[PDB]
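Bear in mind that the values in this text are calculations on the coordinates, not laboratory data. Please note: Cβ atoms are built from the backbone with ideal geometry, for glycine as well, and neighbour counts cover all protein chains shown.
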Amino acid sequence: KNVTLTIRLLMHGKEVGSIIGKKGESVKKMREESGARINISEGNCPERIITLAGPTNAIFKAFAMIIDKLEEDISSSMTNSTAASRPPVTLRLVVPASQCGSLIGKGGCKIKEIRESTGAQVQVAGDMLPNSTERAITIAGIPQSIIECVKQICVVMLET
């Protein structure tokens, strides 16, 4: 209704699976409530990638829904696995080379100040020789810290 955007979610088949939801009825519910083009792709690295596209509002709900699904799962009494030792929450997003380069800014002053206050740590994919095109960033920390990093990067992206 106001402005459109695009966000590529990259996660491990296991983590993303918990987010997908049983019988895919949850992912169906996610889209219906999001309103922004939500799809899935491959990932020799992550295995699962959710391509979301749509106005800031649609995306706002989607991101809030997916994060909640992960919050409900962890706090649902895991009846499997043996300890995780991962108090924080990591989310690896995808972005073009131009996005990562600028997102970092001169001497990383930009990305540094963002993660410095956000309280979370941002990750960056490698680039062995001139082959890689898209860079994957991994933000770990508190759910509040993550949503903050996304809101800060988004607002700055539009306001350039």
Regarding the range 142-158, can at least one residue be identified that is without any contact (Cβ under 8 Å) to a residue 12 or more places away in the chain, farther than 25 Å from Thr6 by Cβ and not charged (D, E, K, R)? no
Does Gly21 count as under 28 Å from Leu158 (Cα atoms), touching a residue at least 12 places away in the same chain (Cβ under 8 Å) and either small (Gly, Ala, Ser) or loosely packed, with under 12 Cβ neighbours inside 10 Å (or both)? no
Keeping to the range 44-96, report how many residues are of a type in the set (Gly, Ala, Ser) and over 24 Å from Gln123 (Cβ atoms). 5
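In the set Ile142, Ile137, which member is surrounded by 13 or more Cβ atoms within 10 Å (Cβ to Cβ), under 24 Å from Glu15 (Cα atoms) and touching a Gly at 6+ places or on another chain (Cβ under 7 Å)? Explain how you work it out, then say what you get.
Values: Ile137 fails: touching a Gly at 6+ places or on another chain (Cβ under 7 Å).
Of the residues listed, the single one that is surrounded by 13 or more Cβ atoms within 10 Å (Cβ to Cβ), under 24 Å from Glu15 (Cα atoms) and touching a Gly at 6+ places or on another chain (Cβ under 7 Å) is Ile142.
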Which of (1) more than 27 Å from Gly35 (Cα to Cα); (2) out of contact with any helix residue (DSSP H, G or I) (no Cβ under 8 Å at 6 or more places or on another chain) is the odd one out, the single condition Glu72 does not satisfy? (1)
